[PDB]
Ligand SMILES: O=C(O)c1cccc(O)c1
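Okay, so here's just one chain, in structure tokens, the form solved without ligand 3HB.
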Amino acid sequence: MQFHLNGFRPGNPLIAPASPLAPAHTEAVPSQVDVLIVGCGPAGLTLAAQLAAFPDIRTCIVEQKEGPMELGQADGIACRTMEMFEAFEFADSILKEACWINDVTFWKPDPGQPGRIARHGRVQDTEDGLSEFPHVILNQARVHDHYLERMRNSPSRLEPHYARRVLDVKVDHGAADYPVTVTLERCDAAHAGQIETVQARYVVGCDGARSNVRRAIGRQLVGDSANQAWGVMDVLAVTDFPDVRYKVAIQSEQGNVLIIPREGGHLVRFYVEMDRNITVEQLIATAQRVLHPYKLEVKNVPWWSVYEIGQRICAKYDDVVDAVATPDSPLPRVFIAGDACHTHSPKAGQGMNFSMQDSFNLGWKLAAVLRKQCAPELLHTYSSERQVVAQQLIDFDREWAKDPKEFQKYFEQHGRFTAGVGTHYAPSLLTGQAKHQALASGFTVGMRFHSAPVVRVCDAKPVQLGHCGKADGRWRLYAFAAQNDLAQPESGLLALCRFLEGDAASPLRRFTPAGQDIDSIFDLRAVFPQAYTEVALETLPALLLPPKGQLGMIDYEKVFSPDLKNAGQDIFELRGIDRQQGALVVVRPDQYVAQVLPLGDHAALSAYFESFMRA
């Protein structure tokens, strides 16, 4: 991370200086806001944490609960989700506290032993090279804490307005500004029944399964009935079952159970299959029968419930009627994210993960449009992108409901999907057609940017290239240099740089607000195949050693080389970069690859951004 850009600043650098552009939090919900987020769940808090980085935008997030939760229902944190946490700079903390899932063991009835289970299998939870982070388990409330702190420590000093239940949302397609009117009811005993009204430019319903925002704009969850029902109990118990600290799938004559080891090394979660006139004792009794001959002595039960939901999904995620928007469609004003527009069966294994990816998709778009850096039409891509991949995910898990090798295929694909790295957007306003995909085979257009190790040239530090992509709303341009680029500036990477800084028609010059840092909209990172010791910084374009901030201090983290010390760690090899041609990999603020273009196709680059950005 970088700090002290404008002078020494004491204390933890992750606490940002309060921005004057942002009015202090008030007891009463403001009358007018840019964005009103409804619901402090994974989705709501994810969006709020993203918008909190832009103090020029007025964001208000409401939640009907009277305060932060301390113990939540979701606990699975996918690899891709961890990558996003890294973007919010708190993945590190999650890794130290969460319970990693390295293996998953399977238990079935012992063939020779009557009514007793035995271990039948074991698989590595995350296939090699799938992600730089592992799949982990951590109490949902803790993820909330991190987002709540990020929000609080942001320049926005953003915090939620609790004990507020959104009663209704209306859009005045005739209003000149703040067309959305939200009616809220205060739920705390001290204000019980009090009605609040908020004028918003955009409203985001992240209010869960029984979302009022969804029903307010007439959308509806379409799907099937609750396939199964699960008894879920978090327990502090003593057992001799040897795989208790692993993620375990148990099938037995007396029922099926799923074991999820919890953070701390002691707590354990049990998913007991069923199908409320059902108790903990019954669940425990069932788990005991299943675990037999292994003994389960439950000492304490911090939490337990009943997880039962069908897979449903809205046809659209916003208030725009057209199934497929076009340049003449009304613009969206209200969006739905998370369970409010799509719920997945427990067996799907998505948990809260996929839900947060909706918010990460919408986040930067809202900010760009509000800042008038992008045409409002951009907002249409939120629904077309997130609705489609959700439906495709459901279609897949619809058949996962079970050749022997066709199953190992289903099993493998399911892993990539639960890890959250299977999302692949189809060609669109933002996504290219992949005609130059061979330039960087390892960076599939439309999928998340698969990070790989590189070596920073300024100080020889080993780093994950994809970690340059932080949740700061910036587009990234990873320019992998052709073999001779460093030696021949007439073309290649250096020529691209020359174009990006000096050609008035370049997207960098056209769309970067006057007076802002040269990398405030487009974060360019250059990667040369040459050993870091062979890259002379002093001979590189200023665009690659950009001054910034009030003191013109130099950013020395824009230039990289491959890891040439350790065998098989060269990113040019790992990601299939065309060595002779090089490659420009354009990445969205949500870490998704938009394009893989030839370094020399400057016109294509300009044209791309001209299609949705505003000069």
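Each residue number is its position in the shown sequence, starting from 1.
Just so it is clear, the following notes concern the form deposited with ligand 3HB bound, a form of the same protein that is not shown.
Novice: So which of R312, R509, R201, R269 reaches within 4.5 angstroms of ligand 3HB in the entry with it bound, heavy atom to heavy atom?
Specialist: Answer to the contact question: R269.
Novice: Under a 4.5 angstroms heavy atom criterion, identify the one residue in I137, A226, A87, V369 near ligand 3HB in the entry with it bound.
Specialist: Of the candidates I137, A226, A87, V369, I137 is the one lying within 4.5 Å of ligand 3HB in the entry with it bound.
Novice: Using a 4.5 Å heavy atom cut-off, which of 315 to 323, 107 to 115, 387 to 395, 255 to 263 contacts ligand 3HB in the entry with it bound?
Specialist: Of the options, only 255 to 263 has residues within 4.5 Å of the partner.
Novice: In the entry with it bound, is there a heavy atom of ligand 3HB that lies within 4.5 Å of any heavy atom of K470, even though the partner is absent here?
Specialist: Result no; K470 lies far from ligand 3HB in the entry with it bound.
Novice: With a 4.5 Å heavy atom cut-off, would you call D75 a contact of ligand 3HB in the entry with it bound?
Specialist: Residue-level check for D75: yes, a contact with ligand 3HB.
Novice: Any chance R186 has a heavy atom within 4.5 Å of ligand 3HB in the entry with it bound?
Specialist: No, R186 is distant from the partner.
Novice: Contact between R152 and ligand 3HB in the entry with it bound at 4.5 Å, heavy atoms?
Specialist: Looking in the entry with it bound, residue contacts with ligand 3HB do not include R152, since no heavy atom lies within 4.5 Å.
Novice: Just to make sure I understand: among 236 to 255, which residues lie within 4.5 Å of ligand 3HB in the entry with it bound, judging by heavy atoms?
Specialist: Going through 236 to 255 in order - heavy atoms within 4.5 Å of ligand 3HB in the entry with it bound - there is one hit, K247.
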